[PDB]
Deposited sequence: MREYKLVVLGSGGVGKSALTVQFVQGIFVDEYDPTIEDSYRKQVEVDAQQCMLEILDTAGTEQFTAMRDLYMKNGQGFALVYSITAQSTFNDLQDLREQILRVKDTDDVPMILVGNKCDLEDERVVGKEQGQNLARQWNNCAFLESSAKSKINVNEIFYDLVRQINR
């Protein structure tokens, strides 16, 4: 049984914690409690194999000392934005470049996540913006998700696992 060190990144309020808790516990966190650093461990079955996922849910893009540590130790990275907030989308390019500079390679398990897709009446970021960005990131994996509706949540973390096994 192998361990997978997964890291959830993004600006404040995009739904990093809600996605994590929805995947780990199966409930929706309606509160917004600003995160410093939380970690979760969960044994799941991915592609017929038992896996120990350790999910690190981080502070805003902030606590710089910890940020350097989880970029060197993380095996897969979910870069999360909110479809309701253009600035949180623009914030991701810098993150992606920080990760690659620390890993010293572009071959880094990664997934781009547009969260809050249930909020169609507040969407400012089109799905095709995220698709085009992911394409620029060397055909990065891309998903629109909803932690509130439990849409494409486990798909985020299971895809990271498959990337790491490759």
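Stretches of the deposited sequence absent from the structure, as judged by C-alpha coordinates, reduce to one: 62.
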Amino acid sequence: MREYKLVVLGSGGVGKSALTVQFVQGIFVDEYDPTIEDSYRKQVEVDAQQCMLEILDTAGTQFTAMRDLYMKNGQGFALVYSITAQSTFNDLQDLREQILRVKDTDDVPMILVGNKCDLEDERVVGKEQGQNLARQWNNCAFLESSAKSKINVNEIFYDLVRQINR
From here on, numbers count along this sequence of modelled residues.
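As the entry records it, the average C-alpha temperature factor is higher for 129-137, out of 110-118 and 129-137. Higher mean CA temperature factor between 39-47 and 65-73: 65-73, per the PDB entry. Per the deposited record, the Cα B-factor of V7 falls in the lowest third when ranked against the other modelled residues of its chain. Per the deposited record, the Cα B-factor of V161 falls in the middle third when ranked against the other modelled residues of its chain. In this PDB entry, the Cα temperature factor of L56 sits in the middle third of its chain's modelled residues. Sort the chain's modelled residues by C-alpha temperature factor and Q86 lands in the middle third, per the entry.
The PDB entry assigns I99 a C-alpha temperature factor belonging to the middle third of its chain's modelled residues.
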